[PDB]
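Listing of target07.txt, compact mmCIF, C-alpha atoms and all ligand atoms
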# COMPACT_ATOMS: atom_id res chain seq x y z
CA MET A 1 49.96 42.22 3.72
CA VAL A 2 47.36 43.18 6.41
CA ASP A 3 47.20 39.86 8.32
CA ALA A 4 49.54 40.91 11.19
CA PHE A 5 47.18 43.77 12.05
CA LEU A 6 44.14 41.54 12.53
CA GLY A 7 42.81 40.95 16.04
CA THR A 8 41.70 42.64 19.19
CA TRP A 9 43.91 45.43 20.60
CA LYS A 10 43.66 47.36 23.87
CA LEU A 11 45.10 50.81 24.60
CA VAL A 12 48.00 50.76 27.09
CA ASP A 13 49.62 54.19 26.60
CA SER A 14 48.77 57.59 25.12
CA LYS A 15 50.83 60.70 24.54
CA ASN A 16 49.46 64.10 23.45
CA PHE A 17 45.89 62.98 22.65
CA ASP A 18 44.56 66.15 24.17
CA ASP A 19 46.71 68.23 21.79
CA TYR A 20 45.36 66.30 18.80
CA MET A 21 41.73 66.57 19.94
CA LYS A 22 42.22 70.39 20.64
CA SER A 23 43.61 70.78 17.09
CA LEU A 24 40.45 69.14 15.63
CA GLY A 25 38.25 71.55 17.67
CA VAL A 26 36.90 68.93 20.14
CA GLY A 27 35.27 70.62 23.15
CA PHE A 28 36.78 70.52 26.66
CA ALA A 29 34.04 68.20 28.10
CA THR A 30 34.60 65.50 25.41
CA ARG A 31 38.41 65.83 25.83
CA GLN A 32 38.02 65.06 29.59
CA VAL A 33 36.09 61.83 28.93
CA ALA A 34 38.51 60.86 26.13
CA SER A 35 41.63 61.32 28.39
CA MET A 36 40.42 58.56 30.77
CA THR A 37 38.95 56.15 28.18
CA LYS A 38 41.00 52.85 27.20
CA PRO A 39 39.48 51.81 23.88
CA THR A 40 39.46 48.41 22.32
CA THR A 41 40.16 48.29 18.55
CA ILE A 42 39.09 45.22 16.60
CA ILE A 43 40.41 44.70 13.04
CA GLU A 44 38.76 41.96 10.97
CA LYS A 45 38.87 40.91 7.33
CA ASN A 46 36.48 39.13 5.00
CA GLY A 47 38.12 38.83 1.64
CA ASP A 48 39.25 42.26 0.53
CA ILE A 49 36.89 44.00 3.01
CA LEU A 50 38.43 45.23 6.28
CA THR A 51 36.31 46.15 9.26
CA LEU A 52 37.70 48.38 12.05
CA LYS A 53 35.74 48.67 15.25
CA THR A 54 36.61 50.98 18.12
CA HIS A 55 34.75 50.30 21.38
CA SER A 56 34.76 52.19 24.67
CA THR A 57 32.48 53.26 27.53
CA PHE A 58 32.21 56.67 25.76
CA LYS A 59 31.96 56.27 22.00
CA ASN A 60 31.82 53.42 19.52
CA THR A 61 32.69 53.54 15.82
CA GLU A 62 32.77 50.95 12.99
CA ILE A 63 33.97 51.34 9.40
CA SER A 64 34.30 48.83 6.59
CA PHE A 65 36.46 49.58 3.58
CA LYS A 66 38.58 48.15 0.82
CA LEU A 67 42.22 49.25 0.68
CA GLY A 68 42.83 51.97 -1.87
CA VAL A 69 39.15 52.85 -2.42
CA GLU A 70 37.79 56.17 -1.03
CA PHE A 71 34.85 56.00 1.37
CA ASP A 72 32.66 58.36 3.33
CA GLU A 73 33.28 58.27 7.06
CA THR A 74 31.66 60.02 10.04
CA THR A 75 34.31 60.21 12.78
CA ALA A 76 33.86 59.81 16.57
CA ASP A 77 33.99 63.62 16.89
CA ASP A 78 31.26 64.08 14.19
CA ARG A 79 33.40 65.15 11.19
CA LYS A 80 32.10 64.09 7.79
CA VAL A 81 35.28 63.12 5.91
CA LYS A 82 36.50 61.41 2.70
CA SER A 83 38.81 58.58 3.71
CA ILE A 84 41.24 56.22 2.11
CA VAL A 85 43.29 53.45 3.72
CA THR A 86 46.37 52.17 2.11
CA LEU A 87 49.50 49.77 2.94
CA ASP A 88 52.69 51.89 2.72
CA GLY A 89 55.94 50.42 3.86
CA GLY A 90 54.08 47.81 5.88
CA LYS A 91 52.09 50.53 7.73
CA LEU A 92 48.37 50.99 7.58
CA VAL A 93 47.84 54.62 6.57
CA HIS A 94 44.37 56.15 6.94
CA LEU A 95 44.01 59.63 5.42
CA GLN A 96 40.91 61.71 6.19
CA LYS A 97 40.08 64.95 4.07
CA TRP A 98 37.39 67.49 4.91
CA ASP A 99 37.06 71.24 4.23
CA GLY A 100 40.60 71.53 2.78
CA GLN A 101 42.12 69.95 5.95
CA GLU A 102 43.73 66.53 6.36
CA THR A 103 44.62 64.23 9.21
CA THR A 104 46.56 60.98 9.09
CA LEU A 105 46.15 57.89 11.30
CA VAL A 106 49.18 55.64 10.81
CA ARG A 107 49.32 52.15 12.37
CA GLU A 108 52.66 50.32 12.59
CA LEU A 109 53.63 47.01 14.32
CA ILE A 110 56.78 47.37 16.46
CA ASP A 111 57.84 44.50 18.74
CA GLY A 112 54.31 42.97 18.56
CA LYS A 113 52.63 46.21 19.69
CA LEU A 114 50.34 48.38 17.52
CA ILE A 115 51.54 52.04 17.43
CA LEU A 116 48.95 54.55 16.20
CA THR A 117 50.35 57.96 15.23
CA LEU A 118 47.70 60.82 14.81
CA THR A 119 48.82 63.98 13.02
CA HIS A 120 46.76 67.15 12.47
CA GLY A 121 48.32 70.58 11.99
CA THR A 122 51.34 70.63 14.32
CA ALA A 123 49.79 68.11 16.77
CA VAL A 124 51.29 64.61 16.89
CA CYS A 125 49.78 61.96 19.18
CA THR A 126 51.18 58.45 19.73
CA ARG A 127 48.80 55.71 21.04
CA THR A 128 50.16 52.23 21.93
CA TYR A 129 47.93 49.13 21.74
CA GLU A 130 48.65 45.59 22.97
CA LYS A 131 47.14 42.45 21.51
CA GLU A 132 44.35 40.63 23.45
CA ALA A 133 44.54 36.88 22.62
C1 LIG A 201 39.31 61.09 16.63
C2 LIG A 201 39.43 59.59 16.69
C3 LIG A 201 40.56 59.14 17.52
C4 LIG A 201 40.89 57.66 17.58
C5 LIG A 201 41.84 57.23 18.56
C6 LIG A 201 42.10 55.74 18.74
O1 LIG A 201 41.64 54.92 17.93
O2 LIG A 201 42.82 55.43 19.70
Just give me the structure as structure tokens.
Amino acid sequence: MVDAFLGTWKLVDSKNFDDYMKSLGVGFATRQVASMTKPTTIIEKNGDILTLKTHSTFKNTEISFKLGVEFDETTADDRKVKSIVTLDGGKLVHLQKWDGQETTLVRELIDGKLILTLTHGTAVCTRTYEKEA
């Protein structure tokens, strides 16, 4: 199920992150810092509890969740959202809801790389992560 996602991942490419951040209403000064940042994502499991850490020189987040169980999340850009993470077609789909809006964060393994697709409104961002061993 989730075991191929587990580990430490480092960003190696990013397309259209600015467009996604603009769509969410992130201010120009935070978008500048975010365009140069190369986060590390750590995904860990303990039984049926996942933990997802995102580390960087700018901002750090951590969430723990069970698949298929809604949780409260405060995002890096300070949205208060209702979240759920599920396995769909082998992808890890994270849906965030707030104020009648949605965004999806979809993680898929392709050729040993982690591809993160971020959709909000018309904005689509693809991030590519490589595994640190
Ligand atoms: C608004 C949060 C963006 C997360 C982007 C990433 O994990 O690469």
### Summary
Shortest contact to ligand LIG 201 (chain A), candidates A:6, A:99, A:106, A:49, atoms counted only C-alpha atoms and all ligand atoms, goes to A:106
### Task
Kindly indicate which residue among A:100, A:25, A:68, A:7 lies nearest to residue A:42, using all atoms listed in the file for the distances.
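Closest to residue A:42, using all atoms listed in the file: A:7.
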### Task
Mind checking which residues fall within 9 Å of residue A:131, counting all atoms listed in the file, ignoring those fewer than 5 positions away in the same chain, and posting them as a VMD selection string?
chain A and resid 7 to 10 112 to 114
Taking C-alpha atoms for each residue, export the selection above as a PDB file, keeping the file's coordinate frame.
ATOM      1  CA  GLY A   7      42.810  40.950  16.040  1.00  0.00           C
ATOM      2  CA  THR A   8      41.700  42.640  19.190  1.00  0.00           C
ATOM      3  CA  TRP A   9      43.910  45.430  20.600  1.00  0.00           C
ATOM      4  CA  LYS A  10      43.660  47.360  23.870  1.00  0.00           C
ATOM      5  CA  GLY A 112      54.310  42.970  18.560  1.00  0.00           C
ATOM      6  CA  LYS A 113      52.630  46.210  19.690  1.00  0.00           C
ATOM      7  CA  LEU A 114      50.340  48.380  17.520  1.00  0.00           C
TER       8      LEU A 114
END
### Query
Excluding same-chain residues fewer than 3 positions from residue A:107, what lies within 9 Å of it counting only C-alpha atoms, as a PyMOL selection string?
chain A and resi 5+91-94+114-117
### Task
Enumerate residues in contact with ligand LIG 201 (chain A): an atom-to-atom distance of at most 7 Å, counting all atoms listed in the file. Format the result as number ranges by chain.
A: 21, 39, 41, 54, 75-77, 127
### Query
Using only C-alpha atoms, which of A:11, A:28, A:80, A:69 sits nearest residue A:55?
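Smallest separation from residue A:55 among the options: A:11.
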### Task
Determine, counting all atoms listed in the file, which protein, DNA and RNA residues have an atom within 9 Å of an atom of residue A:53; residues of the same chain fewer than 2 positions away are not included. Present the result as JSON, numbers by chain.
{"A": [40, 41, 42, 43, 44, 51, 55, 60, 61, 62, 63, 64]}
### Task
Can you pull out every residue within 6 Å of residue A:83, counting only C-alpha atoms, but drop anything in the same chain fewer than 6 positions away, and send it as a PyMOL selection string?
chain A and resi 70-71+95-96
### Task
Rank A:102, A:72, A:120, A:133 by their smallest atom-to-atom distance to residue A:19, using only C-alpha atoms, and report the top residue only.
A:120
